[PDB]
Structure formats: structure tokens, C-alpha cells
């Protein structure tokens, strides 16, 4: 350990970082949030990747989903913000993590095309879809072509308009806040 890819693991242990906790999972704030509200849900049981998912994890997934929603209500109930819950198709960090993220995407840590695409393309597998996928197939189906999705031209998730750069995309999103 000490390796950056182990980061999350260390952070889940730290009580200070623990936003929520129960016998199955733990919820922490994303250290480099891509929105005003960005949490990660992590299971205590070590699971490497989604490629290692079978029906025995089904309930756990559902739990993770549930907890996610609860976090919203508990820490963003006063918020009018839309939320999405899902996983990245190809994760960089070890240990599976559910993204719970507000759809404002108002954050200085959202810096490049890869970030934006990671949250606003098929690369972002919604939790619900994943859950049904396991229920129906007992396995997670990942369509090929994921890395390329990260290179697609910037497009607003709100008005579906094309944008030429991150600064411009941000300036554009600013006005959707109202």
C-alpha cells in the first residue's frame, strides 16, 4: 500500500472521512469532487472490480444503491439538485465504488474531457442497470469501446448542445443553475 491506487481503501478506514457507515458499507466524500455533491459508496467486503461480480453480490449492490439514496436525503435534502448513481466502466482505483453525484457538475476538480465523459456517456453505468444486469444474467455486461467514449466531443447533459472546451462548457453550465 501507499500506492495511489489504494487511496480509497485507506480513506475508508479513517473515521474522519467516514460520512456514513453500517455493517455492509461505508460512504466517503470524493476527495476530488466532480460536483457540489459527490460521494463514493464502498463495501467492507473487498471486491476488486466489476468483472468479479456474481449474484452473491446482488443484495450488496442493492444495499449500496439504497444507502446512496439515503445519503442524498440526509445531506442534500434541502438541495433541488438531480442525482445520478453509477459505476465507471474502467476504474483507475482499486476496490469497487459507487459514484453518487449531483448533476450540477459545478466543481474546480472537473478539469478535462475524460472527467466529463466519464460521467456523461455510456461509460457511466447506472447502478439500476447494473443491478438488473446481475439479476438477469448473474454477470456485468460491459460493451467494448469504453476508452474511446472518453474522447468524444463535449456535450451538455442538459441542453444537449455541443461545446468546444472545458472552460466554455463550464461557462455554459453556469446558466443552467438558475
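Residue numbers count along the first chain shown, from 1.
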* Asked: Should the higher mean CA B-factor in the entry be assigned to 154 to 162 or to 19 to 27?
  -> 154 to 162
* With reference to the PDB entry, specify whether the mean Cα temperature factor is higher for 144 to 152 or for 110 to 118. => 144 to 152
* Taking the values straight from the PDB record, which of 40, 134, 61, 67 has the highest C-alpha temperature factor? -> 134
* Asked: Quick one: which of 88, 84, 80, 95 has the biggest Cα B-factor according to the entry?
  -> 80
* Where the record places residue 71 (Cα B-factor, split into thirds across the chain) -> middle
* Asked: Based on the entry's values, in what third of the chain does the Cα temperature factor of residue 130 lie: lowest, middle or highest?
  -> middle
* **residue 8 - which third its CA temperature factor falls in, relative to the rest of the chain** => lowest
